[PDB]
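Engineer: Can you keep this structure in mind? I'll have questions shortly.
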Amino acid sequence: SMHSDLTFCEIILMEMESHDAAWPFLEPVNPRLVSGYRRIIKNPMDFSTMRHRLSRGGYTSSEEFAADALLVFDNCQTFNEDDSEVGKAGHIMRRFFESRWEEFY
Ligand SMILES: C/N=C(/NC)NC1CCN(c2cc(OC)cc(OC)c2)CC1
Ligand SMILES: CCc1ccc2[nH]c(-c3cnnn3C)nc2c1
C-alpha cells in the first residue's frame with residue numbers, strides 16, 4: 001500500500017478531483033462517449049487510475065506520481081483543441097497541479 005511519505009501526493013490528487021475543471025479527467029476516457037481516443041493516445045491516464053495506483057503501492061516515488069499527472073495534461077493537449085471545453089480544462093488543471101507541486105519542489 002501507499003507509503004506515508006506520499007501522503008502529500010494523496011492530498012494533491014484529492015484536491016484535483018474536487019476541482020471545477022477536473023470533470024474530463026476523473027475516469028478513463030470513455031469509448032461510449034468519445035470516439036478515436038486510443039487511436040491517438042498511446043498511454044491514457046486519469047485521476048481514478050492514479051488514485052488506485054497511489055493507494056495500493058503502485059507509485060514508489062513522488063516523481064512517478066507527478067509523471068502520471070503530467071500525462072493526463074499532455075494527453076489532453078494532444079487530443080483536444082486548446083479552445084475546446086476539455087482543452088481549456090486541461091490547461092486549468094495543469095496550472096493547479098503545478099502550483100500545488102511547487103509548494104514542495
Ligand atoms: C463544468 N463542470 C462539469 N461537470 C462537473 N461539466 C460537465 C461537462 C459536460 N457534461 C457532459 C458531457 C458529455 O459529453 C459526451 C456527456 C455527458 O453525459 C452525462 C455530460 C457534464 C457536465
Ligand atoms: C461527462 C463525462 C465526460 C464526457 C466527455 C469527456 N471527454 C473527455 C476527454 C478527456 N480527454 N479528452 N476528452 C475528450 N472526458 C470526458 C468526460
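Naming works like this for the C-alpha cells: A, B, ... for the chains as they're shown, residue 1 at the start of each chain, ligands 1 onward in shown order.
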Once you count only C-alpha atoms and all ligand atoms, which residues end up within 10 Å of ligand 2, and could you hand them over as a PyMOL selection string?

Structural biologist: chain A and resi 22-37+41+44-46+72-81+84-87+89-90

Engineer: Residues near residue 1 in chain A, anyone? I mean within 6 Å using only C-alpha atoms, not counting same-chain ones fewer than 3 positions away, as a CSV table (one decimal) with C-alpha atoms, in the first residue's frame.

Structural biologist:
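Result file out_31.csv:
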chain,number,residue,atom,x,y,z
A,55,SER,CA,-3.3,3.9,-2.6
A,56,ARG,CA,-2.2,0.3,-3.4
A,57,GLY,CA,1.5,0.9,-3.6

Engineer: Could you give me, as a CSV table (one decimal) with C-alpha atoms, in the first residue's frame, the residues within 9 Å of residue 101 in chain A, counting only C-alpha atoms and dropping anything in the same chain fewer than 3 positions from it?

Structural biologist:
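Saved result, out.csv, follows:
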chain,number,residue,atom,x,y,z
A,9,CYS,CA,0.5,13.4,-3.2
A,12,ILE,CA,-2.9,16.9,-4.1
A,66,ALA,CA,3.8,13.6,-10.9
A,96,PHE,CA,-3.5,24.0,-10.5
A,97,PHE,CA,-1.3,20.9,-10.2
A,98,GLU,CA,1.9,22.8,-10.9
A,104,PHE,CA,7.1,21.2,-2.4
A,105,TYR,CA,9.5,21.4,-5.4

Engineer: When distances are computed from only C-alpha atoms and all ligand atoms, which of A:49, A:18, A:11, A:64 shows the smallest separation from ligand 1?

Structural biologist: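 That would be A:18, the residue with the smallest distance to ligand 1.
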
Engineer: As a PyMOL selection string, please: all residues of range 33-85 of chain A that backbone DSSP puts in alpha helix (DSSP H).

Structural biologist: chain A and resi 47-55+62-79+85

Engineer: When distances are computed from only C-alpha atoms, which of A:2, A:21, A:14, A:71 shows the smallest separation from residue 100 in chain A?

Structural biologist: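 Ranking A:2, A:21, A:14, A:71 by distance to residue 100 in chain A, first place goes to A:14.
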
Engineer: Can you tell me how far atom 6 (N, counted along the ligand's line) of ligand 1 sits from CA of residue 19 in chain A, in Å to one decimal?

Structural biologist: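 Atom-to-atom, atom 6 (N, counted along the ligand's line) of ligand 1 and CA of residue 19 in chain A are spaced 11.0 Å apart.
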